[PDB]
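S.K.: Take this structure, written in structure tokens, and hold onto it; I'll ask about it next.
With ideal geometry, Cβ positions are generated from the backbone for all residues, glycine too; neighbour counts draw on all protein chains shown. Every number here is computed from the coordinates shown, using simple stated rules; none is lab data.
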Ligand SMILES: CC(=O)N[C@H]1[C@H](O[C@@H]2[C@H](O[C@]3(C(=O)O)C[C@H](O)[C@@H](NC(C)=O)[C@H]([C@H](O)[C@H](O)CO)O3)[C@@H](O)[C@H](O[C@H]3[C@H](O)[C@@H](O)[C@H](O)O[C@@H]3CO)O[C@@H]2CO)O[C@H](CO)[C@H](O)[C@@H]1O[C@@H]1O[C@H](CO)[C@H](O)[C@H](O)[C@H]1O
Ligand SMILES: [Zn+2]
């Protein structure tokens, strides 16, 4: 099953197998050859520049660009044999990187097996034709004689070095010249040789600014991209091309009229599907049906075409071999006559796998590589990665993000501020960008002031012509018209599951007859070179002057801040600012006495000013408004100067846009019926088809508006955040340059003492600028949402309501015409359901679908998924919402991460910095107010000591709360009592108080991971569950509206004990009250079997001391009789406390055991996986002694074998090979242990047998026996063990 990646040096000799002299497709018949290397089955590498259709002068750096982002040019790259070996070795390493993750392994398998069709639309119908440069390349071989032989070879991919532009990779199918037109076999189902132009050293950079998630220690920074993910991105284009599904229509063209509009190439639908995520919805659902149908016809043509084949130009080609291979590729079936036919069910699964399965984003997650969030996310200058072949910089299992160097966490290996060894800045000579000029008329104190703006800083505004209007035209319902799908998507996880099951299919030999037919026509290189700049002339100051005014000079000079934008543009020493408080304190030349106070007062003013939030009652679905956006960017209405909040009350969120798009829609034509010939059966079907196509209009039109929003509205709100981030950074850079000047002027005694606290206050500026961006991103995210949900979607609804009433006339006149046929009973019943349907509008969804019912009981996993509105997961030390609604999450400096039930968990200590905040998305803002809901999470709290129950036993502290004013819900603790509280608008209160059990070894709030679930039914009661079992209940009826805080806060609040902590994992909210059967499935979903677990519920680890306790006899510890002798059970001591109502068996007595790997490899993991072979040691007198059974040693009933600690009799072998497993009892944190001999025979599971050895007393002695294997379904069993390590959260009293 594993795919083989070949190794070679460029200097290795030609062998006519893995190393050849290739004549590439666009050189066919010219007898020009290049050394080529077979990286794997059907993939070649040619270390040469992609020079096809070019001239030498195209490779030099031009003066400017016509379109797009920055481009790096270097004609000397990949010239020498040395350069070529370097290129070859880097590619091999990147292919090995891809192979070593199963996601990437599945991608490579699809590409290899998706062989092109031996033929195309203009080839012979009865024949397979290998005589085309679309499918085959020639190659020159030698004999021992020295004479040569022209053969040919079939292939899927050929990888070349980069063309002129080094940082823009390309994938292209071979083009054929037919009737003086370009024909692409990679576009109508057949496929072809795909040619890639690739360069691994030069990569794009992106940043962190817009992201919903935010850490305050990470902050905002730039990142560079992993070459392996860039390679995989292009391999997705190769995959589409090979199945012949390359999309080349319905492009998104940028408008380029105004200054603010970005100049790019048209964005293909190909690119958007490959990148994935939300921006694949720029293509509206109707266009996806067009593309699906196109490919369905193309494949049907091939199924017909393949059937006619009885010959081939190559005599050696076995015709029947290829037929079964193409049947497999295309998922064709056979009719009983013997012809190939398209099964449409099997087609839909194949089509979605290719177009919507592999995407950059989804691969990024599987590989732990950081990606951009949107396609329109800002690119910066590319960087160079000149040490990919150093394993200390980039390895073939983690890339840059290596765990042993602490660079996996928070994707720090890609972070340009942290990992400064891994990159170098690109040389200035070869880098070129599109700049536009902007000149303004100014009065002398020559004629003008001109600035240059970068194309990357401009905004993308989509053309109106780029979006469909097919949902507005006439649509004819009939009997035989079909249902269209409204979901085009496919799971990468499913693709992996499919890849793991599918049986191997060997391909035929890829050597074939020579290529003589055709003429090579290489497409000419479309140059992006330019000689001049576009200059714009506007007399008013735009946003671009307002940002340029905030720039500081690069010189160690005194600076001042002003509120006059025209002054700051002229004077080099002056800077624009929009914080009045900050402007005063910095401009006054600092005080000689109390200099530290002056610097301290700068920070207080910057904090007060930059942190300002507000709301507007008339804009009810925007939680956060930042007032200073107007003064900073010059977004202002006339007669509202210095009053941005009034300007927003009057105009609405549309004030923030730089281009107002037309939101009015044409009339949606009513549904028409063409069904004259009618039986009674065919009428009822035509009524059902009429209702379905009516439903499909609402969804089609909704998704059309969303597409338009994404390309024309959302892109404008996105840039405003970058413009604010740039602005806030300009202000921080200035204030620091003021302090740097005034520090060097300052003359006092303690200058050297306070030095580091001055640098400590300069750091606090960037902290408060990042906290400001949290509000600004919430403002732009929710404004952009409000314009979609309200303004734009109301236009769709207006036309859709009119579409309903017009189509109801047409439906009930068709009913009138054929009303007679079973009237009395069905005509009345059929009319009743129609009036129910058409009266109800269909709701618009901005994110996931609010479905909190789900067809009575469809399926418990589906019910749980569908009803989820919040779900916190922790990936690579980042906490985020994965539910679908994508609520913003804020992680504060001292929120800590610890081992969890399946990954890592949140850990909260008792100070104000230890905090996690979820700002609820607007879609789920008020779902708690009147409706049912459920909250679930794993909890772990330490055993409260006898002292702290006396001190802090009456202190109630909350740990999770939505409460303001004070209304909401909260989870709180008080001594050993768990408390759920529910409080409404009018001050009504309902609580559940759960008294924990006195036996702390069996208690829920005594240092163990336990699963909490709290349901809330408004028409009855709220129920508290722990591990799926009901523990408490309280009545919720007679309770009004609940009006929460917009943030759900995870924090220790009003807790007096400064040493208190808790741990919370998998925090989740559902929009309904779960029943016990739904809870049980939720509880057990988290209990995996991959990793074993300790007594506390955390992952069991190697090289860690553990005390053993048998589950069946939990009041017993393990003791040694003597070294080299047996182990046995003893009564463990205990602690009782009458007045405080607590007691427990004392921990940490008995033998210390240690687990080690039986066959140590070079792993980073210290986690014990189920099935791992292990060696068990006892740690006695700080020495390690092996546990095992000696050959023919003492044993009860000849079958229960007595274990021996550190046995070493000279001759006799000791069997010590053990296997750690989890065979039973999934809810308990126990593990079993199987013993083996030298020949791999089971000596049994480890447990105990009652008896006697010598004249010792009667003891439960430790043994190994196969007896247990016939008893694994018993409720209690003697082979289950707790592994108990010492923990901060349990000390004996
Ligand atoms: C109760 C007991 O002594 N169990 C130990 C067992 O002893 C054997 C006989 O018990 C069974 C059993 O219950 O497992 C009886 C079944 O009918 C047998 N089933 C079959 C053949 O299909 C099994 C089976 O033979 C074995 O498991 C082999 O794999 O054994 C037990 O009744 C018998 O006792 C008397 C007998 O009553 C009488 O004729 C006369 O007095 O002689 C016998 C011995 O005094 O003895 C059988 C063998 O000695 O043997 C197994 C061997 O692995 C265990 O030792 C088992 O004790 C369990 O051991 C566990 C871990 O080692 C753990 O300590 C449990 O708590 C013990 O019950
Ligand atoms: Zn692409």
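S.K.: Of all residues being within 13 Å of ligand 1 (Cβ to nearest atom) and farther than 16 Å from residue 1119 by Cβ in the stretch 1252-1271, which is surrounded by the fewest Cβ atoms within 10 Å (Cβ to Cβ)? Just the residue, please.
M.R.: By that ranking, first place goes to 1270.
S.K.: If a residue must be out of contact with any strand residue (DSSP E or B) (no Cβ under 8 Å at 6 or more places or on another chain) and surrounded by fewer than 13 Cβ atoms within 10 Å (Cβ to Cβ), how many such residues does the stretch 438-463 contain? Quick ask: steps written out before the conclusion?
M.R.: Here is the first cut: in the stretch 438-463, the ones out of contact with any strand residue (DSSP E or B) (no Cβ under 8 Å at 6 or more places or on another chain) are 443-446, 456-457.
Next cut, surrounded by fewer than 13 Cβ atoms within 10 Å (Cβ to Cβ) only: 443-446.
Count: 4.
S.K.: Tell me, please, whether a residue that is in contact with a helix residue (DSSP H, G or I) (Cβ under 8 Å, 6 or more places away or on another chain) and at negative phi can be found in the stretch 404-411. Full working, then the answer.
M.R.: Residues of the stretch 404-411 in contact with a helix residue (DSSP H, G or I) (Cβ under 8 Å, 6 or more places away or on another chain): none.
For the stretch 404-411, residues in contact with a helix residue (DSSP H, G or I) (Cβ under 8 Å, 6 or more places away or on another chain) and at negative phi: absent.
S.K.: Based on this model, can you work out whether residue 1239 counts as more than 26 Å from residue 1099 (Cβ to Cβ), surrounded by fewer than 22 Cβ atoms within 10 Å (Cβ to Cβ) and away from ligand 1 (no atom under 13 Å from the Cβ)?
M.R.: yes
S.K.: Would you say residue 285 is within 24 Å of the chain's Cα centre (by Cα), surrounded by 21 or more Cβ atoms within 10 Å (Cβ to Cβ) and within 13 Å of ligand 2 (Cβ to nearest atom)?
M.R.: Against the criterion (within 24 Å of the chain's Cα centre (by Cα), surrounded by 21 or more Cβ atoms within 10 Å (Cβ to Cβ) and within 13 Å of ligand 2 (Cβ to nearest atom)), residue 285 does not qualify.
S.K.: Out of all the residues in the stretch 1004-1027, which are touching a strand residue (DSSP E or B) at 6+ places or on another chain (Cβ under 7 Å) and outside any strand (DSSP E or B)?
M.R.: 1004, 1005, 1007, 1008, 1009, 1027, listed by residue number.
S.K.: In addition: Give the stretch 428-452 a look and list any residue that's touching a helix residue (DSSP H, G or I) at 6+ places or on another chain (Cβ under 6 Å) and under 30 Å from residue 250 (Cα atoms), or say none.
M.R.: Within the stretch 428-452, just 434 meets the criteria.
S.K.: Sticking with this structure for a sec: Looking at (1) over 24 Å from the mean Cα position of the chain (by Cα); (2) surrounded by fewer than 18 Cβ atoms within 10 Å (Cβ to Cβ); (3) assigned to a loop (DSSP other than H, G, I, E, B), which is the one condition that is false for residue 942?
M.R.: Residue 942 satisfies all of (1) over 24 Å from the mean Cα position of the chain (by Cα); (2) surrounded by fewer than 18 Cβ atoms within 10 Å (Cβ to Cβ); (3) assigned to a loop (DSSP other than H, G, I, E, B) except (2).
S.K.: So, in the stretch 314-347, exactly how many residues are farther than 17 Å from residue 113 by Cβ and surrounded by 16 or more Cβ atoms within 10 Å (Cβ to Cβ)? Give the derivation first.
M.R.: If we filter the stretch 314-347 for residues that are farther than 17 Å from residue 113 by Cβ, which is where we start, we get 314-320, 333-345, 347.
After this cut, where a residue has to be surrounded by 16 or more Cβ atoms within 10 Å (Cβ to Cβ) as well, the list is 314, 317, 340, 342, 347.
The qualifying residues number 5.
S.K.: Would you pick out the residues in the stretch 1186-1202 that are part of a strand (DSSP E or B) and either surrounded by fewer than 14 Cβ atoms within 10 Å (Cβ to Cβ) or away from ligand 1 (no atom under 15 Å from the Cβ) (or both)? Write out each step before concluding.
M.R.: Applying the first criterion (part of a strand (DSSP E or B)) to the stretch 1186-1202 yields 1186-1190, 1195-1196, 1200-1202.
Across the stretch 1186-1202, the qualifying residues are 1186, 1187, 1188, 1190.
S.K.: Is it the case that some residue within the stretch 137-159 is in a loop (DSSP other than H, G, I, E, B) and within 30 Å of residue 183 (Cα to Cα)? Break it down into steps so the answer makes sense when it comes.
M.R.: As a first pass, look at the stretch 137-159 and keep what is in a loop (DSSP other than H, G, I, E, B): 143-147, 155-156.
Keeping just the survivors that are within 30 Å of residue 183 (Cα to Cα) gives 155-156.
Yes, the conditions are met somewhere in the stretch 137-159.
S.K.: If I go through the stretch 963-993 residue by residue, how many of them are crowded, with 22+ Cβ neighbours inside 10 Å, assigned to a loop (DSSP other than H, G, I, E, B) and under 34 Å from the mean Cα position of the chain (by Cα)?
M.R.: Of the residues in that region, 0 qualify.
S.K.: Further question on the same structure: Any chance the stretch 531-542 includes a residue that's in a loop (DSSP other than H, G, I, E, B), over 28 Å from residue 447 (Cα atoms) and touching a strand residue (DSSP E or B) at 6+ places or on another chain (Cβ under 8 Å)?
M.R.: Applying the first criterion (in a loop (DSSP other than H, G, I, E, B)) to the stretch 531-542 yields 531-534, 538-542.
Still in the list and also over 28 Å from residue 447 (Cα atoms): none.
No - not one qualifying residue is present in the stretch 531-542.
S.K.: Would a scan of the stretch 589-612 turn up a residue that is under 24 Å from residue 771 (Cα atoms) and in a loop (DSSP other than H, G, I, E, B)?
M.R.: Among the residues of the stretch 589-612, at least one is under 24 Å from residue 771 (Cα atoms) and in a loop (DSSP other than H, G, I, E, B), which makes the answer yes.
S.K.: Between a residue in the stretch 1245-1274 that is under 13 Å from residue 1110 (Cβ atoms) and any residue that is near ligand 1 (Cβ under 7 Å from one of its atoms) and assigned to a loop (DSSP other than H, G, I, E, B), which pairs come within a Cβ distance under 7 Å, given they are 6 or more apart or on different chains?
M.R.: Final answer for the pair search is 1247/1278; 1248/1278.
S.K.: Could you run through the stretch 664-701 and say how many residues are part of a loop (DSSP other than H, G, I, E, B) and surrounded by 14 or more Cβ atoms within 10 Å (Cβ to Cβ)? Please lay out each step first, then the result.
M.R.: Here is the first cut: in the stretch 664-701, the ones part of a loop (DSSP other than H, G, I, E, B) are 664-671, 674-679.
When the remaining residues are screened for being surrounded by 14 or more Cβ atoms within 10 Å (Cβ to Cβ), the result is 665, 668-671, 675, 678.
So the answer is 7.
S.K.: Which ones in the stretch 242-282 are in a helix (DSSP H, G or I) and either within 12 Å of ligand 2 (Cβ to nearest atom) or out of contact with any helix residue (DSSP H, G or I) (no Cβ under 9 Å at 6 or more places or on another chain) (or both)? Before you say what the answer is, go through the steps one by one.
M.R.: Residues of the stretch 242-282 in a helix (DSSP H, G or I): 242, 269-275, 277-282.
Of everything in the stretch 242-282, those that are in a helix (DSSP H, G or I) and either within 12 Å of ligand 2 (Cβ to nearest atom) or out of contact with any helix residue (DSSP H, G or I) (no Cβ under 9 Å at 6 or more places or on another chain) (or both) turn out to be 269, 270, 271, 272, 273, 274, 275.
S.K.: If we scan the stretch 284-297, do we find a residue that is within 18 Å of residue 114 (Cα to Cα) and either outside any loop (DSSP other than H, G, I, E, B) or within 16 Å of ligand 1 (Cβ to nearest atom) (or both)? Can you show your working first?
M.R.: First, pick out the residues of the stretch 284-297 that are within 18 Å of residue 114 (Cα to Cα): 295-296.
Checking the rest, the ones that are also either outside any loop (DSSP other than H, G, I, E, B) or within 16 Å of ligand 1 (Cβ to nearest atom) (or both) come to 295-296.
Yes.
S.K.: Within the stretch 1206-1223, identify whether any single residue is within 54 Å of the chain's Cα centre (by Cα) and within 16 Å of ligand 1 (Cβ to nearest atom), and answer yes or no.
M.R.: First pass over the stretch 1206-1223, keeping only residues within 54 Å of the chain's Cα centre (by Cα): 1206-1207, 1213-1223.
Filter once more, so that each one left must be within 16 Å of ligand 1 (Cβ to nearest atom): 1223.
Within the stretch 1206-1223, one or more residues are within 54 Å of the chain's Cα centre (by Cα) and within 16 Å of ligand 1 (Cβ to nearest atom).
S.K.: Every residue in the stretch 1272-1293 that is surrounded by fewer than 21 Cβ atoms within 10 Å (Cβ to Cβ) and either within 16 Å of ligand 2 (Cβ to nearest atom) or over 22 Å from residue 1098 (Cβ atoms) (or both), please.
M.R.: Matches in the stretch 1272-1293: 1272, 1273, 1274, 1275, 1276, 1277, 1293.
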